[PDB]
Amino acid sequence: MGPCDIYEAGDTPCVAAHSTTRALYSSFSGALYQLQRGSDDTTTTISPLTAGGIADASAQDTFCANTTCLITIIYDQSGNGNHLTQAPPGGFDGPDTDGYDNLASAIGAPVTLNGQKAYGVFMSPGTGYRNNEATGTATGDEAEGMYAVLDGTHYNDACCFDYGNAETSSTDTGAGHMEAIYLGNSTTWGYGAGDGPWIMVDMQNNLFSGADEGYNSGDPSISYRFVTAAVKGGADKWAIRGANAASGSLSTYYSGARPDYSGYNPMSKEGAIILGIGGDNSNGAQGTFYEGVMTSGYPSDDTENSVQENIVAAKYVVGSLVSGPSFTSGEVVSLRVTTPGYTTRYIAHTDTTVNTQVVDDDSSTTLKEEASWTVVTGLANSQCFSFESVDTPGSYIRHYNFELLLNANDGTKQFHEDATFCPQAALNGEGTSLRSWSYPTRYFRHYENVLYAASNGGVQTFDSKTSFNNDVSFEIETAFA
């Protein structure tokens, strides 16, 4: 029995079932998600390897070889047609074409499920998915449940990393017009104990950590790499439950009446589905989604408990973010350009500007140090790396407005995330490509001999698809200094 079989047995069946990692019904053998690759802009689907099984990650790796991939569609396994696609503009514009939100990388969230590789949905600020034409989802004050398995360590405080029920117009239509899982450390509305992040419920114009606006002591900080968030709502009742998705049981952090503020009882749900964004298209949040569902009816605690036991049995474990030659902490390197016409250039810097320059044995010692990089444990991810200046110790290559700058580590989460890069076997086969940990659609990329965190196509000039594979491939050489 998969999660949706368990919900059905509790007479609260799934009406939307979304996962890039696995089938959520024991008999589902259809497509889990759609990929689009940058090389030819064509698509393919990824299905489970067996009915009721795990995503064919090998088929993704094959399709995405020597290029970049985006997850274009997360299919609804339930048969209701509630597929998640690129989220449209609403109250807020996204940063993509026509104010759409960005699609996620296919490769930002590698995992294993019982030892088998799969890929989650790693969502950087400005990423979002939606279905405003959803069928079967609860509306008005009708009962529903939902859950998601999320990365409890990938979050921020911006509005809003949500999964669940939202407005069909992509605008704020008032209190009670949403009911979605939220994960992050926003303290604009609700928050819990400790420093966050918190699972809360987005009910529109409020993230609730419980019955009260603001602080609720019973909502703990999440301390799990894989978190099961289970949320449910019915007629003047709702709940927040949380578990380590890798071990043990759901605990209940809120259960009872709707918050006693105008507009939350009865609810006015609209039945649209969102992922990674707020109901009005607020698109500042980040997070990672692995699997989740929405149901018809208010699930029992027992049904949710059987779902959690199923999740634990799936055995989520962190996967490898790194491929290709890679690095050791304390190694000093120079990174040589491989693009035809520029192959004598190395990644260097002039003060804060990271650039490419011709560097050779006759260059000034000043330039040799500027073309030399101390590789250290990733500031935001210990599998990945950060690139420390030899001439300016304590300063690292970071992205800022998607340009690579050499800036001093200020100890902030923002800097750490901006300064962390995951080596990948070079897209042209010549050395390494350095993928942004925080924006895995983007890579170290030279454009007019300046370094950017560029995507393979996009809204910035330096996201040009011309020479992309070459422009993101660098040979790892002995440091000049």
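So that there is no doubt, residue numbering starts at 1 and follows the sequence shown.
Higher mean CA temperature factor, per the PDB entry, when comparing 67-75 with 385-393: 385-393. Averaged over their C-alpha atoms, the temperature factors of 464-472 and 18-26 are higher for 464-472. Residues shown: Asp360, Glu179, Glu291, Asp151. Highest C-alpha temperature factor in the entry: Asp360. Residues shown: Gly164, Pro110, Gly90, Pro125. Highest C-alpha temperature factor in the entry: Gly90. For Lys413, the recorded CA B-factor ranks within the highest third of the chain. Only modelled residues enter the ranking.
Annotation for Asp141: C-alpha temperature factor in the highest third relative to the rest of the modelled chain, per the entry. Ranked by Cα temperature factor within the chain, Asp219 sits in the middle third according to the deposited record.
In this PDB entry, the Cα temperature factor of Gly431 sits in the top third of its chain's modelled residues, the highest group. Per the deposited record, the Cα B-factor of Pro299 falls in the middle third when ranked against the other modelled residues of its chain.
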